[PDB]
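A.B. asks: sequence, then structure. It's an experimental one.
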Amino acid sequence: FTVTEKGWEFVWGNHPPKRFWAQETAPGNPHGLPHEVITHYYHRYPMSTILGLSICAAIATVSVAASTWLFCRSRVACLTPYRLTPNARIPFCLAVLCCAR
Amino acid sequence: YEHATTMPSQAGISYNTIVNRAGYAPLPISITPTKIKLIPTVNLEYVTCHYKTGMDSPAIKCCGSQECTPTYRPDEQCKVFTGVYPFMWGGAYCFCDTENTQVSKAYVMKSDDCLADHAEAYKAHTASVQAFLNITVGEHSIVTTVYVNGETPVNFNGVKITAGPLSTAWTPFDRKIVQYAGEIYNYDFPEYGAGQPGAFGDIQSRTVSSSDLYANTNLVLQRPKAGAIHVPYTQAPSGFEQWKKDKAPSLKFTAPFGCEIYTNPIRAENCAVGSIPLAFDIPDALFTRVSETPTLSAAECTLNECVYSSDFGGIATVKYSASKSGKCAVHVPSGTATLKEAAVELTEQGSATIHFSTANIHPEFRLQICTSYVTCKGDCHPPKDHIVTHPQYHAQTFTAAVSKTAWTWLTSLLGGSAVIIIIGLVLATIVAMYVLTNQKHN
Amino acid sequence: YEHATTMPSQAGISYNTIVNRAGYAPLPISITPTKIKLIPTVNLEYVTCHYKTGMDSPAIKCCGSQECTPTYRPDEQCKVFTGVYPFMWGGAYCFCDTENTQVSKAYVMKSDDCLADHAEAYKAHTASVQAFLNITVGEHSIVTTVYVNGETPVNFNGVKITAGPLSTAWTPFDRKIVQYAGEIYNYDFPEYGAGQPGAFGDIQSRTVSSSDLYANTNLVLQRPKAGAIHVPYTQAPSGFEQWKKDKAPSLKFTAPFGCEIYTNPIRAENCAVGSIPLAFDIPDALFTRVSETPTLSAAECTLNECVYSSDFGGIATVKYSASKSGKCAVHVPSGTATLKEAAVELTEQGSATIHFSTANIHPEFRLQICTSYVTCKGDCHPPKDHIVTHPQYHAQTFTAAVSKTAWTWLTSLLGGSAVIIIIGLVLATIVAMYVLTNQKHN
């Protein structure tokens, strides 16, 4: 059977009803080794953990994507007018920083 | 003095609170519900039972003819059969060959065991919750039945307490109820005069001794055997017995919210649904001044043991320095952790032990001892039993068991991304200003 | 044959209709409601009456000191008075000048006439409507108490009638009710234990023979006069008497819709509000064929009298011809005329004289007689009385008294203006086309 935190109760024959109650002993350890805390909060809260990991992965992906987008556009904006000259001599420090040859 | 509070509707578990008047002593309040009833308005429509087909003795006229005399008995049939040659133990009865005539009469009457074996068909509506409380307001303790409509106060020592109405109109009973032998069934019985044979309520008597019953039992008279004095009949079998054979289980086995269906009157007890609001009208004489009570200085709280179990599994030690030795209130404002006792007797320089109960892995709750506020802080451990046989003594706070390591993982994965995107935006702004600076020379 | 109709909720007045099966004879149905009750679910809380301040004899000790021994009687005041020199008829009672002691003890008990003179405080909710119908379906009449919930059928001759619920949940009774002396009041009495001195319910006995009464009558003991043996008190007067002095009039005289409040079951009568729907489950055996009933040929209707009074102040006359001599139903399908009788007994060449009631000034309805339709047309005239002592026997249709003269004034002064605007628009169009034709010339 499945006993939750809200209760359960069987009658077996002519015995009185026994009531049972579940308390919070999830498997794992919530205090380290981050492949264990995910197992603990998956056996603890299954519905919340998957959506939480989904939105954290989505926020991390979108933030790193937009940061790389801004970095590439800043690199193009710094290296474009120094390349449209027919001699094209970038200064030394900016060629070291913005990854020019 | 109006003090409004709200108690969860659940028997046995004590409820403790204090009234914090701003310049007077804190006033303890302790309310333990014992038995929460739930009584619907119940209206008897009829009863039913097994029936008994009554039969009349056959009226035989030797070489004549008979007629039908209606007695107006319930479900009464009266067919008259010609061409009979009946028999007794002493030879033939009539002496003709044809033209004898026998009258059969059958009717239905309710059984001889109707008084001690019958089903009562009620109608339920408009419940009326009632509760056996046990109220302690500043060491004035009573035990008194309350009616939890928004009025009908309970009065003791000048305090006027009124238990407000339930936050939910839920009833375990349907619109229609059958009682049979201490057990109650949500069963959609047919109306009076609408009974069908072979089902429930083919016999419908308005009360138990009504002397007027409705019988629809599909009684049909048959033709007797040649040379036999008896009344043969065919009818659909008893529907009270067939209803006892069907009988999906009682309402004390199928009702939600843990309800316990009893019937001296028809009622449910100890349903764990809803919550009772309370109304306190405390008079102005119970408030003692502060200076007639103990008051602490330099109090400190340390957690000895801490288990986030379902019972009281946490021990905190409070070391104090008291101005005077006397009992005073302890209370926790939030539902972060629920204490065991409502009062602690103090010495002047001792150390007190309180029992609390929490769901928090890392509890940081602010105790309230006599008038001060200490901050109890520690770490709890998982219990050892998977399944206990007593319900939950504390509240399930959202984000109560986050276990600080996972706060660090969430804060890293949620804050480092924001740090990277704002330094990207600042870098974009600086690059735009540097372009506008380098193009200035134009 | 499922037939549904609707009846207005008004006693005394006969309600007539027919059922037209498409190839059979019309089956007339008549329902005359007699007495329509409304019985709430009534819940006794307490009774009250006049109180009676009982007084114990003064305990006197000479050169001593008494004490107060309580008895927990209702509102039981006690006080010990010192410095008393009482007198009897046979001289002084003590020899001591001072240090004597007299104890006054008073309590409130209810009066000796509480049984026949008391007022019952009730609570009412969720009433129950119940009528005494008089139904006739195909010249087979019953008189049965029908219940007008959506079920609980009345059965007669195989016909099942279920008179459904009222279209309105209105009741004259409030949430709280006081009954005194056969009359019923909407009074907001205080709850049990909330009774105030000087007003209704200062005595609160739970039942008439409860032997435990709540009493709050503002009783205060006073010091006795120097030299006299008596118990002097001072209390607020009887709140039941003060309630009787004020007493805003009964619900018998103040109820909306003209209800008739009665006592022994608390009930209202004949409240002309709402409407009763009806369900007829008619078996197929009652539908007589066409040729077993008379059927007219070459009928014609004329109006003798026509007064649009309140009762049957119109007479229509039908000259007919049919090759049988039997009764057949008459009915008006619209609500234009309300006929008096439901059937007309016929010869083969005679005339029929029916009585109808109408609100119209120019009545034009289509009378249905046995299976046909004649058109009864005439002109009604105003009645001679301004005020009658019986209600209305017809339905005021919107646009019922519009008086063909005023139809002509609304047709000319509103339809003629449309004729003016369309000939103006046509003239404008012809002018625009002629201007364009003129400027085609160049």
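C.D. replies: Perfect, I can see it now. Numbering: from 1, shown residues only, chains lettered A, B, ... in the order given.
A.B. asks: in a helix, residue B:415, correct?
C.D. replies: Yes. Under DSSP: H, G, I helix; E, B strand; the rest coil, residue B:415 falls within a helix.
A.B. asks: give me the residue from chain A nearest chain C.
C.D. replies: In chain A, the residue found nearest to chain C is residue A:6; the distance is 33.2 Å by C-beta to the nearest C-beta. C-beta: built from backbone N, CA, C; applies to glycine.
A.B. asks: name the helices or strands packed onto the top strand by length along chain A?
C.D. replies: With DSSP state E applied, the strand covering the greatest number of residues in chain A is identified as strand A:18-22. Based on contacts counted as 3 or more C-beta pairs under 8 Å, 6 or more residues apart in numbering or on different chains; DSSP states H and E, the elements that strand A:18-22 packs against are strand A:8-10, strand B:387-388.
A.B. asks: chain center to it, what's the gap?
C.D. replies: Distance, stretch centre to chain centre, for strand A:18-22: 36 Å (C-alpha atoms, centre = their mean, to the nearest Å).
A.B. asks: for the chain, which segments count as helices?
C.D. replies: Just so you know, I chose chain A. In chain A, helices defined by DSSP state H lie at A:34-44, A:46-79, A:92-97, listed in chain order.
A.B. asks: right idea, wrong chain: chain B
C.D. replies: For chain B, helices defined by DSSP H occupy the ranges B:239-246, B:251-254, B:405-438.
A.B. asks: with mean neighbour count as extra columns, can I get the ones you listed in a markdown table?
C.D. replies: As requested, those are exported to a markdown table (neighbours: other C-beta atoms under 10 Å in any protein chain shown):
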| stretch | mean neighbour count |
| --- | --- |
| helix B:239-246 | 16 |
| helix B:251-254 | 16 |
| helix B:405-438 | 13 |
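A.B. asks: does stretch B:166-177 come close to chain C?
C.D. replies: No. For stretch B:166-177 and chain C, the contact criterion (C-beta under 8 Å from any C-beta of the partner chain) is not met; the two come no nearer than 10.4 Å.
A.B. asks: list the buried residues of that stretch.
C.D. replies: Neighbour counts using 16 or more other C-beta atoms under 10 Å in any protein chain shown place B:166, B:171, B:172, B:173, B:176, B:177 of stretch B:166-177 among the buried residues.
A.B. asks: which of those residues sit farthest apart?
C.D. replies: B:166 and B:176 (22.7 Å; C-beta to C-beta).
A.B. asks: what residues does chain A put near chain B?
C.D. replies: Along chain A, the residues adjacent to chain B under the rule C-beta under 8 Å from any C-beta are A:3, A:5, A:7, A:9, A:11, A:18-25, A:30-32, A:34, A:37, A:41, A:44, A:56, A:59-60, A:63-64, A:66-67, A:70-71, A:73-74, A:77-78, A:81.
A.B. asks: mind redoing it with 6 Å?
C.D. replies: Along chain A, the residues adjacent to chain B under the rule C-beta under 6 Å from any C-beta of the partner chain are A:3, A:20-23, A:25, A:30-32, A:37, A:56, A:59-60, A:63, A:67, A:70, A:74, A:77-78.
A.B. asks: just the buried residues of the residues you listed.
C.D. replies: Neighbour-count burial (16+ other C-beta under 10 Å) is assigned, among the residues of chain A next to chain B, to A:20, A:21, A:22, A:23, A:30, A:37, A:63, A:67, A:70, A:74, A:78.
A.B. asks: what sits against the last one?
C.D. replies: Think residue A:78. Counting by C-beta atoms under 6 Å, 6 or more residues apart in numbering or on different chains, residue A:78 touches A:98, B:431.
A.B. asks: what sits opposite residue B:155 in the beta ladder?
C.D. replies: On the basis of DSSP bridges, residue B:155 is bridged to residue B:160.
A.B. asks: ok, it to residue B:3 distance?
C.D. replies: Here the criterion is C-beta to C-beta, to the nearest Å. By it, residue B:155 lies 16 Å from residue B:3.
A.B. asks: for the two, indicate the residue with more neighbours.
C.D. replies: In terms of neighbours (other C-beta atoms under 10 Å in any protein chain shown), residue B:3 is the more surrounded of residue B:155 and residue B:3; the figures are 17 against 14.
A.B. asks: got a list of what that one touches?
C.D. replies: Under the criterion of C-beta under 6 Å, 6+ apart, the contact list for residue B:3 reads B:19, B:280.
A.B. asks: mind listing the residues bridging to it?
C.D. replies: Here residue B:3, judged by DSSP bridges, has bridge partners residue B:280.
A.B. asks: what distance do you get for it to residue B:87?
C.D. replies: Residue B:3 sits 91 Å away from residue B:87 when distances are taken as C-beta to C-beta.
A.B. asks: same check on residue B:41?
C.D. replies: As defined by C-beta to C-beta, residue B:41 lies at a distance of 61 Å from residue B:87.
A.B. asks: thought residue B:108 was touching residue B:50?
C.D. replies: No. Under the criterion of C-beta atoms under 6 Å, residue B:108 lies out of contact with residue B:50, with a separation of 10.8 Å.
A.B. asks: okay then, goodbye and thanks.
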